[PDB]
Amino acid sequence: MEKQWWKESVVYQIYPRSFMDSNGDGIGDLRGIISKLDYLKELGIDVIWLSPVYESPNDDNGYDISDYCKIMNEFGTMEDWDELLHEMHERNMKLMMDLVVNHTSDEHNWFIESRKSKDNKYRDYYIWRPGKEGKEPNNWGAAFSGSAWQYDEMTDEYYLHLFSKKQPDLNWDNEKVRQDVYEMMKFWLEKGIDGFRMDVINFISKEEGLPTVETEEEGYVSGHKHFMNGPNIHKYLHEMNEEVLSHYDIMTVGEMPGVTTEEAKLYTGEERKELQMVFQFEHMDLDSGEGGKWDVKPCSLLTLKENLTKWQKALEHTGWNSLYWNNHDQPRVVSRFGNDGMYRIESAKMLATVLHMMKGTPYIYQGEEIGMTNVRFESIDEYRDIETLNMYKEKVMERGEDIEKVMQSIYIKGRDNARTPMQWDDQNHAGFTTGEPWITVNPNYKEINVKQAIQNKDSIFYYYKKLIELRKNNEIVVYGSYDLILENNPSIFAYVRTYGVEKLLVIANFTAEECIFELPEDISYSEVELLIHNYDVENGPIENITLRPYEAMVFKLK
């Protein structure tokens, strides 16, 4: 509806632990980020979203928080943080913090007290329930394997953890908890931050009674149907909005596994007073099968464009879309949807075109701008993620599955694909650290790194930079409507942005083969201007264009 700064922004996501190390320990830190500030400003970034930088035991690298108001030891001190905020605000950049409030670390004070006894005041800050028969309260399973219930002898009850045992879920039906969380939010808002990325916020409201999932299965099954977009989820987000969010000029985005376009309208509708946008996973689950993310399935361009188009259309008149290809939980784009071999540069540019020319706020994950690829370590010992390691024990050690197959799904879906060190140059550890990295740097850093990309004007870095510039300088790319053309073409992803009398025609070849683009007779123009292109083209007319492999181009008509 209304023009908003956060509607016009480009966000860059940084995973602190793998961004830049400035003190020789092999783990990235705050001072390291500060030193790259000018690099990000060159790209054209407006907002920087930092994965968690709070005090944490690191069972899930930051998402298991023991103290919300202190900086993680490995990242620095609060003083390093204050300097980051200032140096960012000095430039015209905004800082968005990750808000992890569905759960805390089991080493957080609230939980320390909570477990002591049943008549403890912090007892109902968490979800404690007695066993049913001699088993857990219900049959839900946790994200990184096993039961979602952990037994505690102190009280002879189980506490709920949708994630690891060390990440017990907060009880949001308790207003003291909500009040406390709001208190903690204002603490960071008073420091001058410009936003919140909310970790699994649609998981926050559980269904009364924590029901067992009606099933004939053997072990633990997902209870997602009973916590995913819970009975009081809209009341809590709107409450949060009245009490905290509305008081500050900030931007918000909720990460929401399982949300639908219709729920997204309720979550993001300007007049609903809840959130500004959400990260949906529909496009991230297109290549997973029946058995979840590890049950890899091929994904065609048709399934992809239909899905992206659907979200484009659903939030055209209400709400606002977020646009992203990857993050710290997903494999890298050029490897997933592109070609990371012979056409790594072309396909990376192609994928950036497709997503950056749509309606909504785009998010760039560190490394995306230089075309970072997935990693293939030959041994499970080189991988670090709880999820991958736990999945490996279960499938290989408990179910007795083939190591080779298990490793193949890790190569395709493992989160570590996204966490190997940022590749700055061709020096020892891609210039990330002078010590030894917490995780091995992808061997391809010798050809794929920031200095190489910055000295070659035909690199992915420069392509992303132009894409961002176009967006800043053309209102149509932010506010224009969206309409998919050539809907059933199995090779070409094409669409039109309309805003006033102008139009943008975006054409993308998603294959390694040459194909023909035929402009629909429906579209009529008189003036044509080539905006960006990943191949050398003196294009005109645009009625019939032969697209080279992974070729992509954007035109402004009239």
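We place every Cβ from the backbone using ideal geometry, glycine too, and count neighbours over all the protein chains shown. Numbers and lists here come from the model and the stated rules, or from a named source; none is laboratory data.
So for the stretch 178-185 (the condition being of a type in the set (A, V, I, L, M), over 30 Å from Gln4 (Cβ atoms) and out of contact with any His (no Cβ under 9 Å at 6 or more places or on another chain)), does at least one residue qualify?
No, the conditions are met nowhere in the stretch 178-185.
Scan the stretch 320-341 and give yes if some residue there is touching a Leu at 6+ places or on another chain (Cβ under 8 Å) and farther than 29 Å from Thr388 by Cα, otherwise no.
Among the residues of the stretch 320-341, at least one is touching a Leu at 6+ places or on another chain (Cβ under 8 Å) and farther than 29 Å from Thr388 by Cα, which makes the answer yes.
Can you work out which of the residues in the stretch 47-73 that are of a type in the set (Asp, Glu) and surrounded by fewer than 22 Cβ atoms within 10 Å (Cβ to Cβ) is farthest from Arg17 (Cα to Cα)?
It comes out as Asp67.
Being more than 30 Å from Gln4 (Cα to Cα) and touching a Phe, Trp or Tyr at 6+ places or on another chain (Cβ under 8 Å) is the filter here, so list the residues in the stretch 289-324 that pass it.
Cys299, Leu301
Please specify each residue of the stretch 487-531 satisfying the condition of being part of a loop (DSSP other than H, G, I, E, B), over 19 Å from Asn474 (Cα atoms) and β-branched (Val, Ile, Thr).
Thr511, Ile523
Kindly evaluate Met185 against the criterion of being under 20 Å from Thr104 (Cα atoms) and among the aliphatic types (A, V, I, L, M).
So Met185 passes the test.
Considering only the stretch 338-346, I want to know if a residue exists there that is under 24 Å from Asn321 (Cβ atoms), within 23 Å of the chain's Cα centre (by Cα) and in the same structural domain as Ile468 (by CATH).
yes
Only one of (1) acidic (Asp, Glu); (2) assigned by CATH to the domain that holds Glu239; (3) more than 28 Å from the chain's Cα centre (by Cα) fails for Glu113. Which number is that?
(2) is the only condition that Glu113 fails.
If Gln452 passes every condition in (1) buried (at least 19 other Cβ atoms within 10 Å of the Cβ); (2) in the same structural domain as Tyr365 (by CATH); (3) in contact with a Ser or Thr (Cβ under 9 Å, 6 or more places away or on another chain) but one, which one does it miss?
Of the numbered conditions (1) buried (at least 19 other Cβ atoms within 10 Å of the Cβ); (2) in the same structural domain as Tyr365 (by CATH); (3) in contact with a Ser or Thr (Cβ under 9 Å, 6 or more places away or on another chain), the odd one out for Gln452 is (1).
Looking at the structure I just gave you, is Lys395 charged (D, E, K, R), touching a helix residue (DSSP H, G or I) at 6+ places or on another chain (Cβ under 9 Å), more than 25 Å from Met256 (Cα to Cα) and buried (at least 22 other Cβ atoms within 10 Å of the Cβ)?
No: the conditions fail for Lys395.
List the number of the failed condition for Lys405; all other conditions in (1) in contact (Cβ under 8 Å) with a residue 12 or more places away in the chain; (2) outside any strand (DSSP E or B) hold.
(1)
Scan the stretch 487-510 for residues that are in contact (Cβ under 8 Å) with a residue 40 or more places away in the chain, among the hydroxyl-bearing types (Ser, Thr, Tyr) and either out of contact with any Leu (no Cβ under 8 Å at 6 or more places or on another chain) or crowded, with 21+ Cβ neighbours inside 10 Å (or both) and jot them down. Explain how you work it out, then say what you get.
First, pick out the residues of the stretch 487-510 that are in contact (Cβ under 8 Å) with a residue 40 or more places away in the chain: 487-488, 490-493, 495, 497, 501-510.
Applying the additional criterion that residues be among the hydroxyl-bearing types (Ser, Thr, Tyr) yields 491, 495.
Passing the criteria: only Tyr495.
One residue is enough: does the stretch 474-481 have a residue meeting the conditions surrounded by fewer than 16 Cβ atoms within 10 Å (Cβ to Cβ) and of a type outside the set (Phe, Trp, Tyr)?
yes
One residue is enough: does the stretch 246-266 have a residue meeting the conditions over 17 Å from the mean Cα position of the chain (by Cα), closer than 24 Å to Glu316 by Cβ and surrounded by 20 or more Cβ atoms within 10 Å (Cβ to Cβ)?
no
Going through the stretch 36-49 one residue at a time, which ones are more than 16 Å from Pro421 (Cα to Cα) and in a loop (DSSP other than H, G, I, E, B)?
Once the filter is applied, which keeps residues that are more than 16 Å from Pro421 (Cα to Cα) and in a loop (DSSP other than H, G, I, E, B), the stretch 36-49 yields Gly44, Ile45, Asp46.
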